[PDB]
Structure formats: C-alpha cells, structure tokens
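What follows is a single structure, written as structure tokens, with notes after it.
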Amino acid sequence: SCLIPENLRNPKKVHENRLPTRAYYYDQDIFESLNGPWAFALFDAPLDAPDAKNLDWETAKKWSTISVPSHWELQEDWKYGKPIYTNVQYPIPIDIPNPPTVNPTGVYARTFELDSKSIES
Amino acid sequence: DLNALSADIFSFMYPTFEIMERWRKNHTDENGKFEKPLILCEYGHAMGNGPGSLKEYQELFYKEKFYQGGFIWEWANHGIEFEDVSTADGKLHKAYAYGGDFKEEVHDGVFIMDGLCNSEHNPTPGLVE
Amino acid sequence: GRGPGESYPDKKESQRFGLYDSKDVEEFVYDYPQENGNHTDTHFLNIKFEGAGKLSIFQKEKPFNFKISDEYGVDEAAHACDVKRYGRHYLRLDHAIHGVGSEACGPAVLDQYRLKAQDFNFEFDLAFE
Amino acid sequence: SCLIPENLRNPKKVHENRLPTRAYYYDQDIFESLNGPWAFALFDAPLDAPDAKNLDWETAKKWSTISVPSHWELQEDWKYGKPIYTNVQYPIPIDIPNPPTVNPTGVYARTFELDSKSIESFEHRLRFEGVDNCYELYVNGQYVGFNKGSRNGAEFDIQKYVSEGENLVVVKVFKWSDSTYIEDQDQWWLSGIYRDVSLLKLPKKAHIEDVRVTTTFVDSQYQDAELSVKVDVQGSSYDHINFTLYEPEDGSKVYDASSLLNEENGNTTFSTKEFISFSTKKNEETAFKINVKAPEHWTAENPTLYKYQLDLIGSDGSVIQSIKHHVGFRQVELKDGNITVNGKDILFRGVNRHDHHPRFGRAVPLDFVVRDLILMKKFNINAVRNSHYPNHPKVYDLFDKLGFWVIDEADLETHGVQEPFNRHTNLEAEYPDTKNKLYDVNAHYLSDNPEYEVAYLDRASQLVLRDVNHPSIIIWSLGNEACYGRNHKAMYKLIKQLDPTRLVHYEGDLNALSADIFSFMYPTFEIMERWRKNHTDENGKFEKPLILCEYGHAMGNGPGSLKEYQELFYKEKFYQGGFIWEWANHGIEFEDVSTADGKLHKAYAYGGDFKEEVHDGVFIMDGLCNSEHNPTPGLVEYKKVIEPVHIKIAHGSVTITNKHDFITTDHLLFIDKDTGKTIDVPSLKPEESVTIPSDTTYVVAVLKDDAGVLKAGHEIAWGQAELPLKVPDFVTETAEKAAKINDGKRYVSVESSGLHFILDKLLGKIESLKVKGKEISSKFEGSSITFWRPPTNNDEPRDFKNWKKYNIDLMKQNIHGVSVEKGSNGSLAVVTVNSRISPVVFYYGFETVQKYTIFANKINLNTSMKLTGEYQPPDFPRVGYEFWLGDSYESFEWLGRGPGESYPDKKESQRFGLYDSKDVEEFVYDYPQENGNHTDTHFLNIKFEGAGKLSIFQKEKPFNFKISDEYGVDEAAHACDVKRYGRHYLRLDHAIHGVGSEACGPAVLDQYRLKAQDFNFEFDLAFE
Amino acid sequence: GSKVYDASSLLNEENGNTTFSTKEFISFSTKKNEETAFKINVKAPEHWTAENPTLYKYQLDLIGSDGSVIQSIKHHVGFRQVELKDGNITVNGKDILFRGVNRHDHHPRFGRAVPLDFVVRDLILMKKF
Ligand SMILES: [Mn+3]
Ligand SMILES: [Mn+3]
C-alpha cells in the first residue's frame, strides 16, 4: 500500500529515535514550556501535507494558530471537526494493520530561541 | 486473563453475586486457602439513575477475605459542552453531548453518561449513595 | 422521611430520616432526562399553600413514595434543556415504585426491590389544616 | 480611645517598616510563593486576638486552615461571614478617624524552611500583593511592621528575624481602620489576604532594587527616540551593568492564555535577536541614555514591544541578577489641548474594570483576567480604567502585550461623606457641571483634611512607583469621588515629580486645577456641549480636553443611546471618548430559594441577598457582561457603535472610512455578503475614506489572519443598505366560500371550511381562532390590548413610577358595542368591536375600534385607538396584543433585526436578515426584567407542528414582537424565580418604549420615547 | 499523612533557590569511582498508606570534582510494601479493601487535555466521598 505511509501501517514501528523511558521528575530549572500558540494546518491525508524537510518558518508563519495543548476536535466553532463517540465498535474498517487511506493529518510548527551559552552548557 | 495465567490477581467486571460466589468456591480449597483474590475492576455501572444494590455488593465484600473490593464504573460522565436546540423551547441552550449529538456515522449514544459525577464533574445521587 | 435528596428502593440508605423542606434542597438535574425526584419511605408529606396553611398526606400502616414537580416530556427529551414544564405543579403520590438496579451494564434490579405484578391495597388520608 | 488600637485610628500611620515602592518585576528565581493553606482564626475585635509576640506554631497548628489568597467572607458555608454591598453609604458610623470598636480581626499563621546557605546567600523579604483592610506582620514572634492600602503592595525586610530551620509568619489582619474612610468604592466589602504572598530571595552582596525606563521622541515628527534606562543598585560588590535591547516583535503577535501567563524561567534564553548593546564602566553611574533610530511605535491598536535584558555583573564578570522585560516606544503629551500619544489625539473606546470573580471576589485568578481582556478585544474595546484602584501587578504586562490605553487609578474613594448630606437636604439629582459645589461642603472631612495628606500621598506614591514602566499606562488618576481638596493638589505635585512622562486625571476636580484633563461622568449632551463651548476660546483653541471616565451606565437592559454619544465623540476634537460603566456585574454565586419552584437553585447575589443592615440592592448588576463575565446585549451593542471602520451603503455605493487612531485597514478582508466574493479596498490611513460602486446590500470587515488574541475571520465592522418594507406575496383566498355566522347573546361564531373564529362579545376576547390546524387565542387579563412591561433597571427610578402611578398595569377593556356583518369583497365576515380601553381609577383611555375582517386563510385586524380624557400619562411602556399559541407551536422565524433582542435606542448591532429561533440562545438577565423584544420586524412566521406556518405582518411599518414562556418577571429577584406557563404566548406590538440609561444617567431620549398619542395600526394573520 | 493541602500547595512547582527541607534524618555519600547506588537500613519508619499517606522528602545531589551541585532531584519516599500473601493483595502485611472508581481523563470543554487544577478537583471530591 503505497498510498498509506509505511510507518502508519507497521505495528513494529513503535518509535524512531525515542530515548529510553525513565522515571518522571518535573524540574523547573530543566523544563521549559513550549505550550501556547503554534502554527497549524490540517490536511485530508499524509500525501497532502508538506514535506517538513522543506518547510520554512516563513511559510508556516502564514498559517492559522492552534493552542498547545488541545484536541483539534474541540476548537472554537468546531473548526477542525467534532468528537466521535464509540464504545466497542471501531470507527474505521478492520484491515489490520492498515489505517484508512483518508487519514486527517495535522502539521504543527513553532520556533524557540537558543543562546550561544545554552548549546555549550 | 480469566484464569490469571499471567496475572497475580483475579478480576471480574459487573458480576452477579452468584457468579462471584461460584468463582470464590472453585478457587478456595478444602482447607479454606486461596492462591489469588478477587477484585471488581468495574462494577455498579453508574449510568443515570443508579446504581442500585451497592449495598448488597458491599455486604459481600466484608463477608469474604477472598473479595478485596472494587472500582465502580465510572467517575464522571464524558459529556462535552455544546449548543443544543431545545425541543421544549425552540431556542438555543447549553447542553452536554453524548453519542449522536455530533452526528457520527456510528456511535454508542448515551453510554457516554455513565459516571457517579455529571459531565461538569459534580456529584450525582450515585456518588452520594 | 428520607432526604434531603431523592431515594429509591435499592438506592435510599444514604438519605437518612429527618424532617425536610423543599426550600433547602437543590433538586438534581440529570444530564440525560429520566425518572428522578422520588422520595421513598415517606412517613408524611405537608404541602404548603399560600395564605391557607398545609395539606397533610399520609399512608396507613406503611411509608409511601412521592414526587412533586413541574415537568413532562421527560421520556423524549434528549437533554435537560429539552424538558417541558407545565404552568402548575403536580403531586405524584405512590403506593410503590420499582427499584433502579444497574441493568444498563450489570445485574437486573434485585428480586426484593422489583415491583412485582400483584394486588394492591392501600389507604391515604388527605388532611386539611 | 484605648479600646481601639492606636494604629487603626491614625491616618498618618500609613505603614511601619515598609520598604520604598519600586517597579514591579516578577522573577521566578527570586519569588517563592507562600500561597496555600494557613492556620487561621477570627476574633470579634483586636483585644480578643492573641499577642503575636507569644504565639507558638505549636499553638497555631491547632487552628482551622484558610487558603491564601482568598476573602474570608467567601468561604465554604459562609464560615466567616457574608459579603456586604454598599454603593455610596459607609457601612460604619462616621467618626473620623475612628473605626468601629467591634472590628473583625483575622490572625493568619504558617511556617517556611530556611537553609544554612540561604541566609548567607540572600536578602530575605516578604511581599504581600494585597490585604484588606490593613495588617501587622510578625516573624518568629518578632514584630516586623504594619501596612495600610488594600489594593497596593508591600515589601518588608525579613533578614534580621529569620532562623535556620522552621520560620513562623503571623499576619494580623483588621477589617476596619481610619483607612476605611478612603476605601469607599461602590463594590463588595471583602476582607483578608486576597492576593499573593511571596518570600523574596535577592542576591545578598549586590542586587537590582529599582529600574526606570522612559522613551522620549527627540523630534516633532516622532521618528528617532531617546531610550533612558536608570538603575538603582543596592550594595557594593558589583562591577557594572549590561543592557541588551532586542529586535521588535510586531503588535500583531499571536498570544493565548498559556503564553501570556508563562512565567519561566532561569535557564530560558530570553531572546537572541540583538539590536542594541550597552555596557556601563566600573565606578560609573548605573544609568544611560541611548539614541534609537526610528523605532517601531507602541500603540494600543498595535502593541509592538522591544524585549530587553538588564544584567548586573560582578568583578569576575558573572551575572549577579537579570531583569527580562520589554520597552514600548510611546510618548504621551498634552498637546494643543488634546491627550496625545506619539502626536496623535487618540479616542478612547473604553470600559471601567473592577476586580471581580463570581466565586472568589477580588481574589481574581490571572487566567480570569486574561479572559476579560480577550473578550474586550473581541468587542472593539481599546482602553480600560482601573476602577478604582491598581490591580494585581502582573496584569499590566497583559495590557502592554494586548494593547490597551490604561488609566491606572489610586486606591482612594471618599464618596460616603456625601450620604448624610444628600439625605438631610433631600437631594434629588447631581449634574457633572454643578455637583462639585455639593462635594465642596464636605471636603474638609478627608480630602481637605491635613491629617490625611500623608495617606493621600502614599496612595499616589504607591500607585505610580509600582507601575511606572508599563507603556500601556498613559494616565494616572488620583482616585474617585473623593471630593476636592489640598490633598489632591499635593498628590498632583508629587506624581509630576515622580513621573513627568504621563498625564493626571481626577474627575472630582471639575476645573482641573490639579489635573491635566477634564472628565465627566454620565453627562447629558447639553452638559457636554456647554462645557466644550465654555472652554473653547474665540480662536477655536482649548487648553484641555474632555473624556467621560464613566458613561452609558450598563445596568440591565441597556444602555440606550450609545449611538448618540458616539456621534458626539467623532464630531468634536475636544471630546476624546469615554469609558462605559461597567465591565461586568459584581454578582456572587449563592444558593437561592425559588419563588417559582419552592426549591433551591444557583443564583447571583446583589445587595440584600446576604441580609445586610444597609445595602444598595441591584446596583451590583451594572455591567456590559453578566456576573459570570459573559457578554450581554449591552456589550454586543457597544462593539457596533465603537467599530473602528465605518461602512455606509447607499445609492449603489459603499463608502468605507477608517476610524482607527493609528493602524491601516490592510489587516482587514472586506466581503460582499450578497455574493461572497471579496472587495478590493485600497489601504486606508486613519480618517481616509473611499467610495466603491457596488450593487451590494451588506458588507463585512473581517480579520485576514490570527493577530493578537483574535482569529482569522473575526468581525471588526460591518454595514448594510437600509431595507425597504416589502409586503410578503401571500395570496388571500377571496373566492366565495359558504360560511356559517352565529351571533349569539354573548359569543359570536364564524365557521367555514378550515376556519373557526369565536369571540366573546362581553370581553372583546378571542376565545379561539383555528385556521388550517393552527390555533391562537387572546392571552386575556382585563384587556385584549396591553401596555405593561416588566420594568427594566432603567425604568425603575422614573418611568416605572409614572406607569404605576397611572395604573397602566391595570388597563381595562370595556366593550360598548359589537357589530357582525356578512362578508363583502371576498370576505367571509366582518366583526367590529367598539370599546373603551382605560385603567381603573382614571378618566384617560382609548376610544377603540377593532375591525376583524375574516377571510378563509387570513385575518385582517385593524386597530384604531383614540386617546381621550383628562390627566394622562406622558408615555407607555408598550402597546399591542397578547396571544396564546396552540399546543402545536414549536418554533418561529422572522425577517428583521437579530439574532438577539432589539429596542428603539438599542438595535443597530442587530443587523437585518432572516432569523430562526432555533439558532439563538435567548439572553437570560441576572436581574429579571423586560427582555426578548425584536424591533423593526418585517414579518414573523410561527411554525406549528404538522400544520405549517402562520405569517404575521404589520401594514406599512415594521413592528415589535416577543415570543416566550415566562411571567412573574416583575417580582422575580433572580433568573430562577421566573415562572413559566404550560404554553407559549406571542406579544405582538405596534410600538415599544426605548431603554435609555436612567438608572444612572440620561432618560430615554425624546425620539425613542413612546409618547401618549392616538394609535392606528393594521395586522394580517396569514395562515399557510 | 494528616498533612493539610489545597490546590495551590499541591500544584506549586517551585523552585531553584527554594530550600526543599532542613529536618535531616539520614545522610549518605557515595565515593569517587564507586557505584552510584546504595542500600540503607531505616529504623522503624512511618508507613505510607492510602488512609495515611505519610511521606519522607528526600534530596538527591549529583556532585562534581570542585564539590559543587551539578543537579538535584527533590522528591519523596513512601514506606510501603505490596505482596501477594496467603492469597491476598497485601500492603504492609494487611489485606486491603478497595473503595474505588475508574477515572478517565475528561473535561467537558477540553476533553483529555485536562488542566491539573481540574484533576485535583476530582481527587478532593473522591476523598470527600
Ligand atoms: Mn436537546
Ligand atoms: Mn431569587
């Protein structure tokens, strides 16, 4: 299935490059929040989303913003859809391990500042 | 994992007293020893007016060392706030959505509203009981 | 009788006995409209009329059930705001009421709480001050 | 008075050992929160409270806890009393400067841990953001100091008193003091530590104490500017200071609550887009002046900010302390008689905002304040007045970042000195041009009292010095309604010495002898105009301008005539706008017993609900937003009248005028609503306009992109061509149908295929009208034409008194003759009713003729009402029919104004269109009153289940209507007290009285009053 | 565990210069080039239990050659042992009883993006019931 990206239909692709899980401790001096407004665009499926290896901030600047954290089905005026409730039944067809081809894809973008000393320290 | 082949505990959801009692008896040996206990990971479904007979479950919990209690389902209704058109009024009002209100192709309706607390996470008579 | 909140055969024990005034109670609004507001094990009920005192109501030899409300269209109202209201209140004065159980997901109302089909015999007094 | 402690009755004891006020900067590394649960006990008076010099933690441990911050009148189960509402009147006896002897005293206690290294490394302070009314402070059983000024901050040096290990903080808080006399704001009386408490750890050997930042343009063309940064460094062990200004972030920057409130952090790199850098030299002044090439201006319409970092640096070249804040390049002047920012004479589109939350009171979560301001921006507001005190210090960065013109106001109100005078002299009215002579009588008690000078100066000093560095603040105000005296003059001198960069406001000073601005509250247009003319010389020059610090009182249904105030604002350069009173209702959430139900319901309290001895009732509920801080129709209307772009559509032309002070229209997308295609609008500068030929009826001005706290597509302005009244194309059945007419002794029947008309001739009542499955009948009590409405808050002081006096609520219809004839021109029958409609007790009334022309599918109702008799009312609330709707009734739809309610002087925000009742959440007033009317209604369709619609239209003029459920509105204290019928009614009205702002301000204007006169109007009841 | 908390003190996240505690009980140091781990015997510590959540605060410091603090972890220890013992779920030797609920992440407006403030609200209510 070349119309569905490989990593969305691979049960073994649990992550790529994720660090090993460790015990959680919040530390104010270490943790710096990136919550707030991010540039955001929603696409019908992966193939309509831009290549992120070529996405400028100059391009993403022009998008609407969404606030992180939040679900995109819970926005002012249901801008990016509405919530779906199912109990037992899957809301997709069962074709393990394929997801549906039309697969809502949201691209988030924001920037942050880094010091000369920061990268060194 | 009914027989806890790879668990340390037995667990039922929404069991009948008779079913609890069958299990107890089939897992207590002649000496009165049991190898693993029973919890109710989900019981006393709290949907709407109810749950009834929390009393009878409790009496059972206190009577047998083999039972170690339960966790009622659920803490709070999953209602989402939205604008509803009133069937009484013909006008727009704040309400709490369950399946169908967002016009899903497939949904499970009012099973969203199964908490001891309402959608605003405030106590119902269920929690009080 | 039992209060301050509602009570049902298998959902009543949290509601201790005492003298209760409707003015002190915020009656519970269900997120999904359904049977509500019953008071079980009622010894007597006083209904206050402006400028004319009270009407006392009691059932002979057994406590009774009652509901005083405003509401209708409850069966088909999808949300609290869909509930219709009359221009006057009614009294629902009941000899008996079915239990509540947890059958939406779990056991049916237990036998001793079911309002089984049978003969009914009961006596009420409507005592006017 | 030895039964009252000396410090609670000494106007000069403003504080003991409080540090000098400095510019506020929050720093996460320095600030350590002491918020949370504290040991707390309440005592009847000071003499019952323990001696804090002997209070153990072992003893205080045993008390109940209260959470800081919070008011003690707002606890679970009203444990420590209930809120008290007074407007003008003091809730205490006036015996200046004594407070009452019985003076609620709350003792707070908690502990905190201190390290060995901590005491060595840092200077330790306690900072209290706000405590009401005043307090003495103890650490480890030792007196630290005393403080007055409830909405001001305070820092105390704690170094001498602290130990390694556990440290005990004890705060003794008093409800009343000599300070109470100057804290008489029209608001809730609430006590306690209601704002943050912090432990500050400053670097010990040297630290930054204070910073002053000013931006002065060098030139009359406002290009190059001088940035002046002066630093006060405390201690010897430092080398110099560094300063970095970063490249600007445009005011169009996108924010949300999370990013606005983010407080991080130590290792967080503030910015790296360097613009200017400066270093000081060893042993030289820790201050400097920099020339800045053509910087981006800070404006409320475009709050462009330059971030900066100020570093204190030691001998080893390491950073001792950093301040990360911002600079807004802005200059305020009094120039050619106008308040001027960067050379431009600005317009205030403002509100007064108190600190209020429906559950927490004046202890407002910052989250909630952000909510307020986002809403303000969403509704075209550009300015706020801090009525009547400074807010939490963190709020001012919010103004800086979002862009508001801010009047920061001293915590000083004296109003209550007038109340005994008002009652003794039976004073009926105060007017902005003359009322100062009344206040002059009592100024000697406080504002002209030398004993209070120190206190008055303290309120000024505290106000200015805490907030000096916020570009959003352009005006300092000396307080509110405190009369006028020497103390105000003293405050003015001090503020100008402290901060020459801003202007001074004080409304109590009519002639602005010690203010830079003129200010009125609730003035009449005539009064505004008298003032303008008396202060403009023969050349057209004025020395100072006029603002309305309070106007358009937003209490309940209203305010009316915002339109007429605005027209005035735009017409004269001398007027620079106003701030409406108020932002939001001050309602406190509580459990109410229902008058409708007999049951308990959530409601919002105003005066009386908490059973005060003395209170001022419903004057709590005077906001554009309700108690839950959500928009009312007031806010909706205000947004429209103040829209910063005018769109006028006439004669095949759209004229667009830019009404901003600074920004262009470039950020706006103009949509032709009739076609959906956008309109190419040239970039318009302030006051520039353009006419574009178009066939359009309806043009909208909308935001192109997310900017600030607003979303793409957000409506800023709009315009419509006026809509002619068109008769619907309903076909009346004029074919000849056989019809049975039964004219009985009392009742008259007209029956035909699909039609049933019964009238009670004795009453003039329609018993039943059923046409094609659709039924109505008259909602009858005395009369078939009624005049009453549940009085608005504005109606109460005068119009209601008149309407009650003339028994308008008891209008009766007395039938004189009924005429029944067979149908003529396609007609089935004509029933004509002659009657007198007059109230009991009275002569005046209407000689009335009601002609019912009955067709098979339509009923024409002609009403002729001739005003007759002596001793008439001036005006009526309303005039029209009331009809019960059949059981079939489900919904309605109308052509006219919407989606919300509308009234003669409160309607323009409600554009024309086709509206469906199903799409509208009808507004619930916190205080039940006249609501739900729709004015300028072209036609109304009432939908009946399974039987289609009934169409209703008035001939030759648009009409008024209300469809509802409700009654007992007059006497319902709260929303939950409103009663409801088992069926809906239609209130179908020829005309309705305007709304005005008379609860505090001008009566409904003449052109909006429903004057007593003859009424003649024709309605059609067309059945599908 | 009888310690008094509120939303503010439960959620307080501060801070760098804040002195965690100073009521020292036990101290341990590791030696250069040795395992960065250890086992300590603790004399009759206070038990952590759900009915009494007694906690020992601790501070763990990473230390450089110059003896300065590279990084700190400030957390707590709850002295508690869970076992399967004679067929029962056992904490500190005691066969416990679950008085429980299932709690999903839910907020009526934000969904699964629940403010911590709101979670605290949930748990206070649970304890109150
Ligand atoms: Mn509904
Ligand atoms: Mn009430």
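Read the figures in this text as sums done on the coordinates, not as results from a lab. Cβ placement follows ideal geometry from the backbone for every residue including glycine, while neighbour counts extend to all protein chains displayed.
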Of all DSSP beta bridges with both partners in chain D, the antiparallel percent, nearest 5, is 90 percent
Both in Å, the radius of gyration and Dmax of the C-alpha trace of the range A:76-121 are 19.8, 53
Filtering GluC sites (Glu not before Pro) in the range C:56-118 by DSSP loop and by at most 12 other Cβ atoms within 10 Å leaves C:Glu61, C:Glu76
Stokes-Einstein D for the range D:331-642 (10 °C, 1.306 mPa s, Kirkwood Rh from Cα pairs), in µm²/s, comes to 78 µm²/s
What the 5 Å binned alpha carbon P(r) of the range D:915-981 shows, as percent of pairs per bin from 0, is 3, 13, 21, 20, 17, 15, 8, 2
Here the alpha-carbon Rg of the range D:310-419 over 2.2 N^0.38 Å rounds to 1.40
The convex hull of the Cα atoms of the range D:745-789, divided by residue count, gives a volume in Å³ per residue of 66 Å³
Of all trypsin sites (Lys or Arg not before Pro) in the range D:680-766, the ones in DSSP coil with at most 14 other Cβ atoms within 10 Å are D:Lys704, D:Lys726, D:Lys745, D:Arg746
Note, the range E:87-96: 3J(HN,Hα) by Karplus (6.51, -1.76, 1.60, θ = phi - 60°), whole Hz, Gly/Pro = x, goes x, 10, 5, 10, 10, 6, x, 9, 5, 7
Cα-only Rg/Rh for the range D:732-1024 with Kirkwood Rh rounds to 0.96
Across the alpha-carbon set of chain B, Rg over Rh with Rh taken as the Kirkwood radius works out to 1.13
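Have a look at the DSSP beta bridges in chain E and tell me what percent are antiparallel, nearest 5.
Taking every DSSP beta bridge with both residues in chain E, the antiparallel ones total about 95 percent.
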Per the helix-only model, chain A has a calculated mean residue ellipticity at 222 nm (DSSP H runs of ≥4, -39500 (n - 2.57) each, divided over all residues, rounded to the nearest 500) of -1500 deg cm²/dmol
Cross-link reach from D:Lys53 to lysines, straight Cα distance under 20 Å and at least 8 residues apart if same chain, gives D:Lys61, D:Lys62, D:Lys160, D:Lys172
Counting only DSSP loop positions in the range D:322-356, the trypsin sites (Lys or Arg not before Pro) whose Cβ has at most 15 other Cβ atoms within 10 Å are none
Given the candidates D:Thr863, D:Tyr903, D:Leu940, the one whose Cα lies deepest towards the positive end of the charge dipole of the range D:830-971, counting +1 at each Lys or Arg C-beta and -1 at each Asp or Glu C-beta, is D:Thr863
Stokes-Einstein D for the range D:696-755 (25 °C, 0.890 mPa s, Kirkwood Rh from Cα pairs), in µm²/s, comes to 138 µm²/s
The Kirkwood hydrodynamic radius of the range D:441-593, taken as the inverse of the mean 1/r over all distinct Cα pairs, in Å, comes to 17.5 Å
In whole percent, the Cα-Cα distances of the range D:205-330 spread across 5 Å bins from 0 upward as 2, 9, 19, 21, 19, 14, 9, 5, 1, 0
Partner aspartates and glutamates whose C-alpha sits under 16 Å from that of E:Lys128, ignoring same-chain residues fewer than 8 away, are B:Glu129, D:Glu76, D:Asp77, E:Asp6, E:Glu51
If unit charges are put on Cβ atoms (+1 for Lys and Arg, -1 for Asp and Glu) and the dipole of the range D:653-797 is taken about its Cα centre, the option from D:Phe670, D:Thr696, D:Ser777 lying farthest towards the positive end turns out to be D:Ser777
Kirkwood radius from Cα pairs of the range D:56-182 plugged into Stokes-Einstein at 25 °C, 0.890 mPa s, gives D in µm²/s equal to 148 µm²/s
Sorted largest first, the Cα spans of the range D:643-731 on the principal axes come out in Å as 53, 26, 21
Charge dipole of the protein assembly as shown built from unit charges on the beta carbon (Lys, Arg +1; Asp, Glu -1), centred at mean Cα; most positive-end Cα among D:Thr214, D:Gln872, D:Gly552 is D:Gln872
With +1 on the Cβ of every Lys and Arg and -1 on the Cβ of every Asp and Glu, the dipole magnitude of chain D about its Cα centre, in debye rounded to the nearest 20, is 1820 debye
Log10 I(q)/I(0) at q = 0.05, 0.09, 0.10 Å⁻¹ for chain D, from Debye over equal alpha-carbon scatterers, is -0.38, -1.07, -1.25
